[PDB]
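Enquirer: Those protein sequence lines, which keep their order, are chains B and B'. A prime marks a further copy of an entry chain. To convert, note that position 396 of the first sequence is 394 in the deposited numbering; the numbers rise steadily by one, no gaps. To convert, note that position 421 of the second sequence is 419 in the deposited numbering; the numbers rise steadily by one, no gaps. A virtual CB, placed ideally from N, CA and C, is assigned to each residue, including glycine.
Number of protein chains: 2
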Amino acid sequence: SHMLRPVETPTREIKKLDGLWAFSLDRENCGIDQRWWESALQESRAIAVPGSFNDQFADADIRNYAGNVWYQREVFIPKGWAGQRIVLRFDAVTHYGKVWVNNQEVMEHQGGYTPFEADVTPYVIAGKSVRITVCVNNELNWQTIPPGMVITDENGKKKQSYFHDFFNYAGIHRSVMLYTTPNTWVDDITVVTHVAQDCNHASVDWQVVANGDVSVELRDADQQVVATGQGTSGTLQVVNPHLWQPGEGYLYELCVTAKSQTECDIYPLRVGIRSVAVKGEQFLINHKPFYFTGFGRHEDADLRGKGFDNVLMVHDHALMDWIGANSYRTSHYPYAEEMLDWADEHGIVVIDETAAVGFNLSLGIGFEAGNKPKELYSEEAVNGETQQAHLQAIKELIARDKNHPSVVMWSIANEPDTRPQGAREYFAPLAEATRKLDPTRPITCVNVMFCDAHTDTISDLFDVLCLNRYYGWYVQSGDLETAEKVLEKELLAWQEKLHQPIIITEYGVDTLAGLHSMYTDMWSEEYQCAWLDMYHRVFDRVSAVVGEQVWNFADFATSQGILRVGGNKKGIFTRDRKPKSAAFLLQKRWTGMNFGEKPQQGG
Amino acid sequence: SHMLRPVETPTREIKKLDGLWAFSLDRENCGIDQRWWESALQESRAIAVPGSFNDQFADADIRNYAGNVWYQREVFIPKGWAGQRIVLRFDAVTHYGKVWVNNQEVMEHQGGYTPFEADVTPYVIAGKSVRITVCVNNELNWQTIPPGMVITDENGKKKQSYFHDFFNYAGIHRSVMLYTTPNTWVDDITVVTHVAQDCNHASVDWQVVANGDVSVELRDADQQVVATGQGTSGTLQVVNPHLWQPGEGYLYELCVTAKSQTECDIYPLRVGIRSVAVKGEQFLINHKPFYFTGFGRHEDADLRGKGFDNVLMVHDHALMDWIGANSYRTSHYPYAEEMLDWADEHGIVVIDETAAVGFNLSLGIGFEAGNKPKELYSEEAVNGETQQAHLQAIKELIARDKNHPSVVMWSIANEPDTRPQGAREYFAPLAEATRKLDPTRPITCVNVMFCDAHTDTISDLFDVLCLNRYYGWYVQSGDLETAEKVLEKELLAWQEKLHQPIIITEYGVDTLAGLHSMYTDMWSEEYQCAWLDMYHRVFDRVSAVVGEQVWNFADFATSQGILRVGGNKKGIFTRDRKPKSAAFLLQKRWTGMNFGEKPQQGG
Ligand SMILES: COc1cccc(NC(=S)N(CCO)Cc2cc3cc(C)c(C)cc3[nH]c2=O)c1
Ligand SMILES: COc1cccc(NC(=S)N(CCO)Cc2cc3cc(C)c(C)cc3[nH]c2=O)c1
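1. Let me check you understand the geometry: is the CB of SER329/B' closer than 6 Å to at least one non-hydrogen atom of ligand 2?
2. Does ligand 1 have even one heavy atom less than 6 Å from the beta-carbon of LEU463/B?
3. Tell me which residues of the region 147 to 168 of chain B have at least one Cβ-Cβ distance to chain B' shorter than 7 Å, keeping chain order.
4. Give the straight-line distance between the Cα atoms of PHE290/B' and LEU282/B', rounded to the nearest whole angstrom.
5. Along the alpha helix (DSSP H) that carries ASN308/B', what are the first and last residues, could you check?
6. Helix, strand or coil: how does DSSP classify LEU374/B' here?
7. So for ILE392/B', helix, strand or coil by DSSP?
8. Using the Cα positions of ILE149/B and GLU366/B, report the straight-line distance between them to the nearest angstrom.
9. Tell me the DSSP secondary structure of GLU41/B in three-state form.
10. Would you say the beta carbon of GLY506/B comes nearer than 6 Å to a heavy atom of ligand 1?
11. In three-state terms, what does DSSP make of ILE500/B?
12. DSSP three-state call for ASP211/B': helix, strand or coil?
13. List the residues that DSSP assigns as beta-bridge partners of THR255/B.
14. Short of 9 Å Cβ to Cβ, which residues in the region 564 to 593 of chain B face chain B'?
15. So that I know if they touch, is there some Cβ in chain B lying closer than 7 Å to that of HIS514/B'?
16. Just to check, is the beta-carbon of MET447/B closer than 6 Å to a non-hydrogen atom of ligand 1?
17. Does any residue of chain B' bring its CB to less than 7 Å from the CB of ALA511/B?
18. Alpha carbon to alpha carbon, how far is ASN209/B from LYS257/B? Give it in angstroms, no decimals.
19. I'd like the ranges of any alpha helix (DSSP H) spanning at least 4 consecutive residues and lying wholly in the region 25 to 91 of chain B'.
20. Using 8 Å as the cut-off, can you tell me whether the region 8 to 18 of chain B makes contact with the region 43 to 59 of chain B, which would need three or more C-beta pairs spanning the two stretches below that distance?
21. Count the other CB atoms, across all protein chains shown, that sit within 10 Å of the CB of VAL193/B'; report buried if there are 16 or more and exposed otherwise.
22. May I have the straight-line CA-CA distance separating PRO266/B' from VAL236/B', to the nearest angstrom?
23. For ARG575/B' and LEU338/B', what's the separation of their Cα atoms in angstroms?
24. Helix, strand or coil: which one does DSSP assign to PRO120/B'?
25. Could you tell me if the beta carbon of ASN466/B falls within a distance shorter than 6 Å of some heavy atom in ligand 1?
26. Determine, using beta carbons only, whether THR230/B and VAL254/B come nearer to each other than 7 Å.
27. Suppose you measure from the CA of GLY278/B to the CA of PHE571/B; what does that come to, to the nearest Å?
28. Using a Cβ-Cβ cutoff of less than 7 Å, which residues in the same chain neighbour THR9/B once the five nearest sequence positions on both sides are dropped?
29. Shortest alpha-carbon distance to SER329/B belongs to which of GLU297/B, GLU479/B and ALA316/B?
30. Between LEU361/B and ligand 1, is the CB less than 6 Å from at least one heavy atom?
31. If you compare alpha carbons, which of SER325/B, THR260/B, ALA426/B and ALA316/B is closest to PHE288/B?
32. Please classify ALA341/B: does DSSP put it in a helix, a strand, or coil?
33. At a cut-off of 6 Å, would you count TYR533/B' as near ligand 2, judging by its Cβ distance to the nearest heavy atom?
34. Under a Cβ-count criterion, where at least 16 other Cβ atoms within 10 Å of its own Cβ denotes burial, should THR416/B be classed as buried or exposed?
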């Protein structure tokens, strides 16, 4: 369906993020049968929203729980909301939600990183209290967007396994809200900026609408009406403009009016005049040779999970700004939109990514019981549904982020195994369909190191080359000397194979803060520094390398294992954001360069 | 008396350092009355020598023990030792030892950092076993060289307090040995190298001798006899030579022969042709403008105490060599001679220091019960004995180290309070007497920051200016900005006051390895780096500054207190010798310079 980011004019919101809700586990899965949502959850306790449920209670049994949990809370609908449109919206519900307003089932959602909403006017009465009950599921299976497998034990209980690193946080991770609309209402919008050698340029509106006529007006930074359009379906305004750029990120505001003889609906959609596409081995934003810096990130932090948080947000960006990141990627799931609004506002370049992670079964590291399906693409394991579920996941992200100028690229998935058979048959359609959803931006699929330049059957189908590489770490462990060869050899081997522009979307080594070594070896701070030094030395000797993003901005939490010391320790910063000695090395390189500019194959 | 470093030709040793001795505490102090040394200590256990007794057992009760402890062990005297001179030697016994060979009291010593020996021939029989019993005392009082105070509690037990930082380790910290001499024997030697504008030069022998005639011969590096002298009392040989220098440290060997008609005694005394003295604001070794780098060190390490250790020794020097130290100081006590032999051999410059530390009562940091004597120099507190005990401590160090070329300076004490009254009356005699013991080297007394350039009543009496300064740390805590002013202001204020050459013998900040901060504040690694940066920026803007030695090479152990987090954390390295991020900053500065060379008031 249609997603529009709420803002506040002929519409206003009660955020329900007001944190404390009633909470409970349903270890018997008797909750739907016993119709829990008709009265107050019993045996509950306070929980905060937004945040993951897992770590709020310091309890392993809750942390590793799998199945359904219940959220409940009450809330007076504002008196002024008349006969108006009342709309309940969740920015995310991690993995799956079902919603009961008093007794009315109003909503259902699968996907954990994108919004869903419903018109609730008929079971609500403005000026009165209404119960809100949410049922939340955190289970993953094969047609799910990260896939996974729930093993039920003989003894009654579930237990989740899956194929990615990062830990399976679940819950209401983002803002909920009740919001208000006129019965005339904008409900969809799309916008495209074309650029021309940097002198002048044009933007297209298209806009689905609740019944009404659209006056479309584009405003200055200073609110001077410099673009006007008529029509409820389409326009193009060719004004000679001020562009969205990386150092600075200028933005226009396109108000959107939908009219009836009774009503009016007014919408400001921030807009960045920017063009994105690839030319040969170059990446082009406003027809310029960019160079990417920054990291893969996660939504992870002590206590809250992947739960959204303003302070955290403000601090991390301060940190990225300081250290010279111009860009980052939404590692392995759609992030809360606020990050993107900030990126636009601040001109930060974003490779936007779907939750399609862990399609891979070789990854890995198993001393344990094998199964585990034999064929990756099978009706058993990655199947028809799964391509369809996956398709739907790509719609939504694009539905949400097409209008965010900061997004210069889409990412279809991260590290799928492309050595098994259906791997090109699975990936070709979605690659086509992606561009049929948005042809304004290039599209990639992020590449695991064992589908290497001679074995990977999928890369031509995409526009840019996104590599995750560990050459001294998982292989050649500890050996910078031979690691540098393999890496360059393999970067050159990609350059000729595909003659595409190359970005390393993951390069990094586990490092324990405070571990220091005169022998400069694995897990030491010094080693991280030497290893990043080297990867760097090597992108300076390759023309096709136009992007660099460090494995992890900060240490995050993982599934429990032998290869993870209390989590992934590959952060430049610790989880509480204290900088490892490598923050200061990246500091120099990233602020020493010219903005958006590769070195002189040296410096 | 006379000290000569054993080496092995007409003399040979059984080191008795063979570690495991029998050990016990004497909590009743009934040990001498009950004549423990007549039979095997009872209720004993194995202990290793050399090492401190305190930490070998992981026991707090033994670690904090005060009083007498007993060492005992047996050892066959070598058959070949005939009617020869048999000589028992201890390189150190920390604080005080008394020694019983079977029942014969052979020895007594107060001082913990210098050798003492005795002729044991008459109570020993070559080819047989003999008991060795040592009584060791670790108590400090006012006439002791570090001074201190033992409070006996009402309940029966002692408890030591004292006035220095470093922890009161005690025990047999260095090699013991039985050694052999002919009845003709060299027993004393002294040597002085004069240098002349770098073309040619002369060395004086003087030598006390067991009865016999001395042939004195100086050899090449390659054992070619290039200097010869006759006389059992004095010579000078003027040969045109190859000098002892800091980068490289060349050495000659002067054999020493003492003759009888029955016997011959042969002694090689390594000799470095080098001149040391001050000229104006310059420090001169072989008439050159030196610049000092390196640290204050301690004899401290996990498990062993201040006990000597070859591996430790080899590793630390590797570390100093790597990081650019050309020099160091024997912080607050005479070190094991092996360090000095190594320094000569490797050309490393050494400010040699006595155990005279803690003369100061203002230092400090007391929330607790005051007393504590009112007048520092009094018959109560630092008194006539104390100047005499102190005098004796200076003899011995000079007795031991006069022949070590690596020692370019003597240090009389460290951080005494010179604001109370007797402070110039106490210090003037020893300053005079020092030069009457060795006029070949300059002499200093190390200066605490609160006897500052306007208040310190003692500095003219010495040759070089040795300052310990903490300007952002103990005062101006955390404030590099104002700390830099005070420091420079106070360095200039010294330069004019005395127009002597200045060395900072202590500059450093407590730093926890692994503590990282974006705010670059106290106890963080980054702070240490900024603070050392700054002290440095400031010696580059002062002409009189010709020496820099970092507070601590590595973290050491201290007395328990509120200001010490498991010890002094001011090491560039942790106690297990892992480098803090500041090892790499000092690295650059120390190897970036020209050898022995201050920068161009810049670089
Ligand atoms: C199931 O969730 C978990 C749990 C714990 C660890 C991981 N590891 C992950 S995601 N990575 C991917 C790094 O981008 C490490 C990894 C690399 C790897 C490389 C090669 C060349 C081979 C042959 C096998 C490999 N196996 C691996 O596991 C995943
Ligand atoms: C008794 O054994 C201990 C136990 C614990 C700590 C110490 N501290 C020592 S030796 N230092 C000397 C540093 O070279 C720190 C120290 C500095 C200081 C400076 C000023 C200006 C004043 C007024 C008072 C001060 N007091 C101090 O204690 C000694």
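Expert: Straight from the coordinates:
1. Indexing the second sequence from 1 puts residue 329/B' at position 331. False, no ligand heavy atom lies under 6 Å from that Cβ.
2. The residue given as residue 463/B occupies position 465 in the first sequence. It does not: the Cβ of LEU463/B is nowhere closer than 6 Å to a heavy atom of ligand 1.
3. none
4. Here residue 290/B' refers to the residue found at position 292 when the second sequence is read from its first residue. Here residue 282/B' refers to the residue found at position 284 when the second sequence is read from its first residue. For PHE290/B' and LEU282/B', the distance between alpha carbons rounds to 11 Å.
5. Along the second sequence, read from residue 1 onward, the residue named residue 308/B' stands at position 310. From DSSP, the alpha helix (DSSP H) with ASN308/B' extends over 308 to 321.
6. Residue mapping note: residue 374/B' aligns to position 376 of the second sequence, counting from 1. Coil at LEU374/B', not helix or strand.
7. Here residue 392/B' corresponds to residue number 394 of the second sequence, with the count starting at 1. In the displayed model, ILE392/B' falls within a helix according to three-state DSSP.
8. Start at 1 with the first residue of the first sequence, and residue 149/B comes out as number 151. Start at 1 with the first residue of the first sequence, and residue 366/B comes out as number 368. Approximately 15 Å, taken between the alpha carbons.
9. By one-based count along the first sequence, residue 41/B stands at place 43. Here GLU41/B sits in coil by DSSP.
10. Working through the first sequence from its first residue, we reach residue 506/B at position 508. No - ligand 1 has no heavy atom lying nearer than 6 Å to the Cβ of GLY506/B.
11. Indexing the first sequence from 1 puts residue 500/B at position 502. If DSSP states are grouped into helix, strand and coil, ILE500/B belongs with the strands.
12. In the second sequence, the residue the question calls residue 211/B' occupies position 213. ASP211/B': strand per DSSP, three-state reduction.
13. On the first sequence, residue 255/B is found 257 positions in, with the first residue counted as 1. In DSSP, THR255/B forms a bridge with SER213/B and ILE264/B.
14. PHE571, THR572, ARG575, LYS576, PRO577, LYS578, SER579, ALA581 and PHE582
15. Here residue 514/B' is taken as the residue at index 516 of the second sequence, counted from 1. Output row for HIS514/B': interface = yes.
16. Along the first sequence, one-based indexing puts residue 447/B at 449. For ligand 1, at least one heavy atom lies less than 6 Å from the Cβ of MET447/B.
17. Taking the first sequence and counting its residues from 1, one reaches residue 511/B at position 513. Interface with chain B' (7 Å Cβ-Cβ cutoff): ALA511/B is included.
18. Sequence index remark: in the first sequence, residue 257/B carries index 259 (1-based). Sequence index remark: in the first sequence, residue 209/B carries index 211 (1-based). Approximately 8 Å, taken between the alpha carbons.
19. Runs found: 58 to 61.
20. yes
21. Numbered from 1 along the second sequence, position 195 holds the residue referred to as residue 193/B'. Burial call: buried.
22. In the second sequence, counting from the first residue as 1, residue 266/B' sits at position 268. In the second sequence, counting from the first residue as 1, residue 236/B' sits at position 238. Spanning the two alpha carbons is a distance of roughly 19 Å.
23. As a position in the second sequence, residue 575/B' is number 577, starting the count at 1. As a position in the second sequence, residue 338/B' is number 340, starting the count at 1. Distance between the alpha carbons of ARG575/B' and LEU338/B': 21 Å.
24. Here residue 120/B' corresponds to residue number 122 of the second sequence, with the count starting at 1. In this structure, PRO120/B' counts as helix in the three-state DSSP scheme.
25. Residue 466/B sits at position 468 when you count from the first residue of the first sequence. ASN466/B: yes, Cβ under 6 Å from ligand 1.
26. Here residue 230/B refers to the residue found at position 232 of the first sequence. Here residue 254/B refers to the residue found at position 256 of the first sequence. No. Outside cutoff.
27. Here residue 278/B refers to the residue found at position 280 of the first sequence. Here residue 571/B refers to the residue found at position 573 of the first sequence. Going from the Cα of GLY278/B to the Cα of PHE571/B covers about 35 Å.
28. Residue mapping note: residue 9/B aligns to position 11 of the first sequence, counting from 1. Counting only Cβ-Cβ distances below 7 Å, and skipping sequence neighbours, we find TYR177, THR178 and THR179.
29. Taking the first sequence and counting its residues from 1, the one referred to as residue 329/B is at position 331. Considering only alpha carbons, the answer is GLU297/B.
30. Residue 361/B sits at position 363 when you count from the first residue of the first sequence. Yes - ligand 1 has a heavy atom lying nearer than 6 Å to the Cβ of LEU361/B.
31. The residue labelled residue 288/B in the question sits at position 290 within the first sequence. Residue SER325/B is the option with its Cα nearest to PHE288/B.
32. Sequence index remark: in the first sequence, residue 341/B carries index 343 (1-based). Residue state for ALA341/B is assigned as helix, using DSSP reduced to three classes.
33. The residue labelled residue 533/B' in the question sits at position 535 within the second sequence. It does not: the Cβ of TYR533/B' is nowhere closer than 6 Å to a heavy atom of ligand 2.
34. Locating residue 416/B in the first sequence gives position 418, counting from the first residue. Its Cβ being crowded by 16 or more others within 10 Å, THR416/B is buried.
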